[PDB]
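Below: the structure, in structure tokens.
We place every Cβ from the backbone using ideal geometry, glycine too, and count neighbours over all the protein chains shown. Just so it is clear, none of the values below were taken in a lab; they were calculated from the coordinates.
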Amino acid sequence: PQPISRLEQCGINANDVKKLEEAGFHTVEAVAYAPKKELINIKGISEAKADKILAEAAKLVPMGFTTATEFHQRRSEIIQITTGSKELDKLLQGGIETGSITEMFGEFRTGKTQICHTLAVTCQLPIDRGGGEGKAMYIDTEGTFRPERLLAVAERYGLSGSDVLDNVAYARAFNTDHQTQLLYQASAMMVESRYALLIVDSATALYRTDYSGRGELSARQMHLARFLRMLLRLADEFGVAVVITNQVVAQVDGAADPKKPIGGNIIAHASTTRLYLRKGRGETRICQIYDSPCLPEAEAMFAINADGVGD
Amino acid sequence: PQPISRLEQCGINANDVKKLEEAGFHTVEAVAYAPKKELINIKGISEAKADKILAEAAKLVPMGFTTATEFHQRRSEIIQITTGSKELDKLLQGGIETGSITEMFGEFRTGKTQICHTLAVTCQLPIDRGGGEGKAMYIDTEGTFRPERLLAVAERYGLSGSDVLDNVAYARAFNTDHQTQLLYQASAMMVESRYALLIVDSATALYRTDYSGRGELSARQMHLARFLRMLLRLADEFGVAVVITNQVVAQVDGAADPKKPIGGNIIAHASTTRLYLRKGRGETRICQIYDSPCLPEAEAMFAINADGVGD
Amino acid sequence: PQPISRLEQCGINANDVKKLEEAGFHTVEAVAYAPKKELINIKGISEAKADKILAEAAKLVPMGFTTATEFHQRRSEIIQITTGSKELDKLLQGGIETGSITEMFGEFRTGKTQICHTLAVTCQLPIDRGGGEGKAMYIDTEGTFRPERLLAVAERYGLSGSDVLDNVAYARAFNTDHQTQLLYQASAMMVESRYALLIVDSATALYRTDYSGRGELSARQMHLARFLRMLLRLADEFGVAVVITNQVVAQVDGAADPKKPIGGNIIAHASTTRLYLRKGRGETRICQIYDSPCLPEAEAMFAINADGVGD
DNA sequence: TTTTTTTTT
DNA sequence: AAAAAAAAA
Ligand SMILES: Nc1ncnc2c1ncn2[C@@H]1O[C@H](COP(=O)(O)OP(=O)(O)NP(=O)(O)O)[C@@H](O)[C@H]1O
Ligand SMILES: Nc1ncnc2c1ncn2[C@@H]1O[C@H](COP(=O)(O)OP(=O)(O)NP(=O)(O)O)[C@@H](O)[C@H]1O
Ligand SMILES: Nc1ncnc2c1ncn2[C@@H]1O[C@H](COP(=O)(O)OP(=O)(O)NP(=O)(O)O)[C@@H](O)[C@H]1O
């Protein structure tokens with residue numbers, strides 16, 4: 001939460017600063033987490049300038065060794081937002097954390113985008129209810145976003161729907177490259193008001209249709225790695241929350257399970273957490289954890305009512 | 001609805017524009033939704049030209065963050081065409097939406113192509129009746145299209161049959177690759193007069209007989225992903241409506257239902273909606289929803305009269 | 001009805017053409033309906049050659065969008081051959097269409113092959129009587145074909161039997177693969193004289209005894225899909241007529257009807273029409289429609305006289 | 001030296 | 001029950 005204007009200090013030119021602004025950098029911490037080469041490659045910058053700049057990023061953000069205790073005390077206050085249902089709150093142990101990346105595993109009709117809606121509204125609850133009190137931006141990439149459902153959840157939690165819709169900064173990606181511009185604009189929007197959550201329904205879906213590899217493929221992974229790193233660039237700074245929804249890739253000639261998310265290893269190593277969603281009978285659905293260091297594997301039911309997620 | 005001629009501006013060469021025309025691009029928005037690489041790969045184009053071009057696509061079509069409220073106000077006016085019967089209008093909540101992809105699940109004799117006929121006529125009704133007032137193109141791929149039925153529905157809704165048949169741009173695919181050329185020609189036809197609906201009886205049927213995988217298969221999915229993406233390219237621009245009819249693939253060694261549509265995951269993740277059609281006794285048939293974020297699951301009867309869909 | 005020699009034009013080598021001849025292709029339209037990959041896979045062909053070839057197939061056969069009206073005007077002239085009895089002519093609304101695939105549903109002693117005989121003779125009637133004036137080829141696969149009955153029908157319609165037998169190109173399949181070679185030879189024979197009708201008594205019967213699946217099965221369906229596609233390749237070109245006779249598969253642990261044709265979904269989705277034949281008392285039999293988009297379900301009697309089909 | 005994708009009957 | 005095949009800096 002530290003604007004570059006604070007770096008308009010110690011002899012840096014304000015127009016040099018406004019050169020820096022165009023990189024999509026808008027906070028001192030973003031400069032602190034910027035690799036030297038990215039900062040060099042942009043034109044009109046001698047490396048010594050970067051010595052000054054990075055010296056200032058160190059000047060504001062400490063980057064040394066830290067006690068495990070202090071880290072624990074700073075871990076004490078992560079919000080971990082409620083999902084809007086109890087059993088998920090038990091699975092996730094209080095729900096999805098801020099400052100992290102999450103994952104929807106499903107085949108279809110698993111209510112993953114549904115959960116994205118309910119989270120999108122429930123971030124706006126007062127913190128006592130677990131909401132981050134943070135405006136929510138929703139990067140849809142299939143156009144499947146439904147305001148009507150947001151009004152339904154608005155009925156569900158008693159807040160006026162108009163207030164809920166006043167936030168929820170919907171955006172509609174098409175090109176794989178477009179998502180990048182949407183990220184830089186996101187970072188541009190982060191400066192003004194503490195947002196709660198980024199959601200992405202199908203970060204991966206564009207990558208199937210565009211990169212018919214291999215390939216390709218080697219380019220596809222090449223792009224995803226940067227995308228996910230940028231998501232870390234946001235999440236490591238402004239908490240809020242990162243949600244990723246993945247289409248599924250069914251194996252052939254496997255054993256006994258015919259699933260696994262597309263995107264290969266690079267997605268898998270990146271996410272702090274992972275989830276998997278099998279349909280039950282009727283509305284009922286089954287969550288099941290993968291790859292969360294915080295938690296033992298667990299599984300649970302939830303119905304998708306008119307209010308969606310519940311019991 | 002924005003022709004490339006508007007992009008014949010800001011220093012772009014008119015013959016460069018007429019190079020662009022040949023890509024199947026014919027509208028500014030199509031350029032806006034064009035991935036950078038597809039635009040590069042076509043010959044006679046430096047990437048800087050694409051900087052100009054894309055800069056203009058941004059110059060005409062906004063692509064930034066949007067309020068959920070504004071999206072709601074733009075969601076307020078989607079036509080969602082009547083199906084020509086009341087109970088389906090209740091299931092679908094006013095009928096099939098424009099700007100979307102839909103799905104017929106059936107085994108055979110489920111009247112899916114029947115419904116395609118009735119929709120094909122009923123798009124031509126005045127909007128008060130729910131018709132989009134949009135000419136309809138019908139990409140048949142089994143040759144099963146029957147003008148006679150269109151005359152029957154024409155009796156059903158009192159409009160002269162000749163006027164109905166004056167539209168209905170029937171086209172007869174054979175090769176799997178042929179469907180692609182039919183898509184580019186479709187996009188070419190979109191420029192001239194606002195069409196209502198694309199229909200495809202069996203987008204999938206060619207893919208069985210041609211790709212006897214695996215495979216293949218990995219190529220088959222590779223082709224379908226592009227096909228469906230193109231259908232999104234049309235639907236995200238010109239509304240109208242996309243209808244998909246799928247043959248069924250009966251499981252072996254399953255449990256308890258012996259169905260699921262072919263095409264695997266890639267079809268399933270793509271569609272905004274889904275439908276399923278079990279035969280009842282006599283003419284009567286049963287619709288049942290899958291995978292519509294908008295709607296709770298529901299089911300209903302309808303007879304297939306001489307006028308087809310009704311009660 | 002367009003021989004490849006017309007494609008012996010625009011720089012194509014005549015020996016390249018005679019390479020093409022060996023594919024079983026013998027008409028320009030067949031090339032037009034040929035998928036790109038099948039044309040590539042055959043040896044001695046660069047893909048650019050296929051660019052030339054397909055460009056010529058487009059050069060002779062239009063493949064663009066068409067008005068529904070024009071399609072109606074071309075639908076106006078389909079012969080729909082008389083079955084040799086009135087009530088069937090009413091059921092089928094003038095009898096079996098050219099350019100289509102048809103289906104015999106029976107258990108045994110339902111006179112399906114009988115009907116195949118009477119059709120086999122009655123195609124030779126003058127068009128005023130509904131005969132296509134087209135030589136008839138009869139692909140038997142159980143050896144049950146009886147010339148004697150053809151002489152009987154010849155008595156029935158007053159034409160000399162010798163003239164009738166002068167056509168009727170009987171062929172006797174054994175292997176499942178053999179039917180394929182018989183198809184390519186059929187296509188080879190199509191060039192010389194407009195034939196009326198292909199008949200196949202038991203396209204499916206070989207598939208039981210050879211593929212004792214599952215399986216198999218997945219291979220069986222894999223083969224049938226190609227077979228049926230080839231039947232479409234013929235029927236979409238040269239009209240005449242396609243007739244399919246199917247043995248029956250009685251269900252176990254069903255409800256209330258213990259039937260359904262073998263071959264699963266893939267046969268079912270393919271046929272333009274379908275028929276079902278229950279024995280009545282004495283000679284009398286009962287036809288009943290399935291899966292004809294053209295027609296409402298109906299049912300009717302007919303006796304199997306010495307002249308077979310009648311009243 | 002980097003990089004997994006795909007269900008049918 | 002039992003089934004392959006797929007490149008490019
Ligand atoms: N009106 C409704 N009433 C009841 N349940 C509903 C209603 N609308 C949606 N649902 C439920 O929500 C599901 C929507 O599917 P969902 O999995 O949320 O979309 P998805 O996972 O994103 N699939 P995709 O189309 O690829 O995006 C339906 O299958 C129902 O279970
Ligand atoms: N000489 C005849 N006189 C009267 N009726 C006859 C005569 N020959 C045949 N039929 C009739 O035709 C039927 C022949 O059975 P049919 O159903 O035509 O053979 P199919 O259906 O092919 N059975 P399949 O042996 O498996 O091929 C007999 O059951 C009689 O009803
Ligand atoms: N003249 C008619 N009178 C009454 N009902 C009719 C008539 N014509 C068609 N139908 C009905 O419409 C159905 C046509 O099947 P339908 O499911 O529409 O074709 P389909 O689903 O595309 N099967 P396919 O052959 O693979 O394309 C028939 O089963 C009847 O229920």
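Taking the number of other C-beta atoms within 10 Å as the exposure measure, put A:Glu70, A:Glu237 in order starting with the fewest.
On the way: A:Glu70 9, A:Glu237 19.
Least to most surrounded, the residues fall as A:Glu70, A:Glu237.
A cut-off of 5 Å between modelled amide H atoms, ignoring neighbours fewer than 5 places along the same chain, links C:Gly310 with C:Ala303, C:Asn305. Here region A:218-294 and region C:148-186 have alpha carbon centers that stand 62 Å from each other.
With the cut-off at 1.5 for a/c, could you classify chain A from its C-alpha gyration tensor as rounded, prolate or oblate?
Values: a/c = 1.79, a/b = 1.45, b/c = 1.23.
Note, shape of chain A comes out prolate.
Grab the DSSP H runs of the protein assembly as shown that are 4 residues or longer, score each as -39,500 (n - 2.57), total them, divide by all residues and round the 222 nm result to the nearest 500 deg cm²/dmol. Could the numbers behind the result be given before it?
Working: 39 runs with 363 residues, N = 933.
Value at 222 nm, helices only: -11000 deg cm²/dmol.
Exposure proxy ranking for C:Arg156, C:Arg75, A:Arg229, based on other Cβ atoms within 10 angstrom of each Cβ and starting from the fewest, stands as A:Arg229, C:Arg75, C:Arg156.
Just subtract the alpha-carbon distance of B:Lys59 and B:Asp166 from 0.36 nm times their residue separation and send over the number in nm, one decimal. Result: 34.7 nm gained on full extension. For region A:59-73, the Karplus equation 6.51 cos²θ - 1.76 cosθ + 1.60, evaluated at θ = phi - 60°, returns couplings of 5, 9, 9, x, 9, x, 5, 9, 5, 4, 4, 4, 5, 5, 5 Hz by residue, with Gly and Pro reported as x. Straightening the chain between C:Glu133 and C:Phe108 buys 5.9 nm, computed as 0.36 nm per residue apart minus the Cα-Cα spacing.
Of all DSSP bridge pairs formed entirely within the protein assembly as shown, close to 50 percent run antiparallel. Look at the stretch A:134-145: the mean tally of other chain Cβ atoms within 10 Å of its residues' Cβ atoms is 3.
Remark on B:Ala136: its backbone amide H falls under 5 Å from those of B:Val168, B:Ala169, B:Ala196, a criterion applied only to residues 5 or more positions apart or on other chains, H modelled at 1.01 Å from N.
Between copies, the label points of C:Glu299, set 7 Å from Cα on the Cα→Cβ line, lie 2.6, 4.8 nm apart, reported in increasing order to one decimal in nanometres.
The dipole here belongs to the protein assembly as shown: it is taken about the Cα centre, uses +1 on the Cβ of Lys and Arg and -1 on the Cβ of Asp and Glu, and is about 1120 debye.
So how do B:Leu295, A:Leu165 line up by other beta-carbon neighbours within 10 Å, fewest first? Can you show the working numbers first?
Values: B:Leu295 14, A:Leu165 21.
Going from sparsest to densest Cβ surroundings: B:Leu295, A:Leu165.
For A:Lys279, the distances from its label point to the matching points in the remaining copies are 2.4, 4.4 nm, ordered from shortest, with each point set 7 Å beyond Cα toward Cβ. For the peptide B:28-39, the mean number of other protein chain Cβ atoms found within 10 angstrom of a residue's Cβ is 3.
For a quick check of your reading of the filter: which chymotrypsin sites (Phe, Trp or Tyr not before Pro) in region A:39-140 sit in a DSSP loop and have no more than 14 other Cβ atoms within 10 Å?
A:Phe65
I'd like to know which of C:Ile244, C:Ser76, C:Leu198 lies farthest towards the positive end of the charge dipole of chain C, counting +1 on Cβ of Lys and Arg and -1 on Cβ of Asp and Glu. It is C:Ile244. The C:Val249 and B:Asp253 beta-carbon pair, evaluated with R₀ = 30 Å, returns a calculated FRET efficiency of approximately 0.95. The residues neighbouring A:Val61, those whose beta-carbon lies less than 11 Å from its own, together hold a net charge of -1 under the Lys/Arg +1, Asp/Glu -1 convention. With the cut-off at 1.5 for a/c, could you classify the protein assembly as shown from its C-alpha gyration tensor as rounded, prolate or oblate? Because a/c hits 1.5 or more and a/b exceeds b/c, the protein assembly as shown counts as prolate. Under 5 Å between amide hydrogens, built in the peptide plane, is the criterion, and for C:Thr273 it picks out C:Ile101 among residues at least 5 positions away or on other chains.
In the structure shown, do any of B:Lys86/B:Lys279; B:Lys260/C:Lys36; B:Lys90/B:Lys135; A:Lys18/A:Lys52; B:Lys135/C:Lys52 have a Cα-Cα gap over 27 Å, and if so which? Going by Cα-Cα distance, B:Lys260/C:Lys36; B:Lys135/C:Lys52 fall outside the 27 Å limit.
Here the Karplus relation 6.51 cos²θ - 1.76 cosθ + 1.60, evaluated at θ = phi - 60°, turns the backbone of region A:238-248 into coupling constants of 10, x, 6, 2, 10, 10, 10, 10, 10, 5, 10 Hz, with x for every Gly and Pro.
B:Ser162 label point (Cα plus 7 Å toward Cβ) to equivalent points in the other copies: 5.4, 5.4 nm, shortest first. In this structure, A:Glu70 and A:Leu295 have a Cβ-Cβ separation that, at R0 = 30 Å, corresponds to a calculated FRET efficiency of about 0.80. Note that region C:164-179 has calculated 3J(HN,Hα) couplings of 5, 6, 5, 8, 6, 7, 4, 9, 10, 7, 9, 6, 4, 5, 4, 4 Hz, one per residue in order, obtained from phi through the Karplus relation 6.51 cos²θ - 1.76 cosθ + 1.60 (θ = phi - 60°); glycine and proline are x. Residue and whole-Å distance for the chain A Cβ lying nearest the axis of the A-onto-C rotation are A:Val252, 1.
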